[PDB]
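> next input, structure requested:
(2 chains)
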There are 2 protein chains.
Amino acid sequence: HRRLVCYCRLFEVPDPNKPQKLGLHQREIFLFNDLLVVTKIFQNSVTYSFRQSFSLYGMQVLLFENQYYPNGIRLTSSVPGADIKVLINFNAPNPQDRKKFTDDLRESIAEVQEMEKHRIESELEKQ
Amino acid sequence: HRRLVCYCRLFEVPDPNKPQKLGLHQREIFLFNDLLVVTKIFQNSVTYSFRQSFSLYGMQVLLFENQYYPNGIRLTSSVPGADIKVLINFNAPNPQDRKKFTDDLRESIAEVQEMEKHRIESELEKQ
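Numbering: from 1, shown residues only, chains lettered A, B, ... in the order given. See below for the structure:
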């Protein structure tokens, strides 16, 4: 039982230190209760398109602003025993969208953390 | 300015006269105000996945029920001067979902028809 929490659009930013053309790397962003999916914008046709999906377990959201990306969002994966990975950087069209999306995202991260906690603790109680 | 009208899940039905295993050909369905997008369910990873997009201009919705597909939806493309094309058949999990989705779809079809009407009539007024 999956549920869509937020649909929006964000520009992907492969390098938050370098400028890039306005409107480049636009993405359809689908935030579900237990997944984040990123894909190319939508054109009819039957095509094979690119699809980044990210687990919400261990995901952290960092808000950032610089002269080239005034509505930054950096997503990283941080789990016990591993190096922190940078998953993807975005820039939102406006801060309203930024606030909104990242707020929904954190909430959904917290939901996944607690479900996974209960699962892990439940397994241990079996043994 | 695109807007998500309805996210839901439907089973694709390549042949509404033949039975098929429960849960087969599940699809993520995204209904926008000016587009319908169908794609494979969601698993993290970076993958190349299949994507059917359909224009809403000239789309017609036929509700159907038989012994193998009790919540049928047939979509066809009907424009002036062309043979009618069958675009895709679905089966909804339950009639609540069927009613809801198809109601949103018709509404969005009507919106596209009227926007396109205004565009066509506007072009003619130029000439």
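> up against chain B, what does chain A have?
Counting by CB under 8 Å from any CB of the partner chain, the residues of chain A lying close to chain B are A:2, A:4, A:7, A:32, A:35, A:37, A:42-55. Yep, even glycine has a C-beta here, placed from its N, CA and C like the rest.
> can I get stretch A:48-65 as CSV, trimmed to CA atoms?
Only the C-alpha atoms of stretch A:48-65 are listed here, as CSV (Å, rounded to 0.1, in the frame of the first residue of the first chain):
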residue,chain,number,x,y,z
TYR,A,48,12.3,4.0,-22.5
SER,A,49,13.1,6.7,-19.9
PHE,A,50,15.5,7.2,-17.1
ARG,A,51,14.4,6.6,-13.5
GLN,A,52,16.2,7.4,-10.2
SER,A,53,14.6,5.9,-7.2
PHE,A,54,15.9,6.5,-3.6
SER,A,55,15.1,4.7,-0.4
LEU,A,56,14.1,7.0,2.4
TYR,A,57,16.0,4.9,5.0
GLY,A,58,18.9,7.0,6.2
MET,A,59,18.2,10.0,3.9
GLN,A,60,19.1,13.5,5.1
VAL,A,61,18.0,16.8,3.7
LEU,A,62,20.4,19.8,3.7
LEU,A,63,18.9,23.2,2.6
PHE,A,64,21.4,25.5,0.9
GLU,A,65,21.6,28.8,-1.0
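> how much space separates the residue nearest the centre of chain A from residue A:8?
Note on chain A: the residue nearest the mean C-alpha position is residue A:36, at 5.3 Å, using CA atoms, centre = their mean. Distance, residue A:36 to residue A:8, by CB to CB, to the nearest Å: 11 Å.
> can you pull out the strands in chain A?
A:4-12, A:26-32, A:35-40, A:45-54, A:59-64, A:72-77, A:85-91 (DSSP state E).
> in a markdown table, list those strands along with distance to residue B:71.
Output for the strands of chain A, formatted as a markdown table (distance: least, CB to CB, whole Å):
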| stretch | distance to residue B:71 |
| --- | --- |
| strand A:4-12 | 21 |
| strand A:26-32 | 23 |
| strand A:35-40 | 26 |
| strand A:45-54 | 24 |
| strand A:59-64 | 36 |
| strand A:72-77 | 38 |
| strand A:85-91 | 38 |
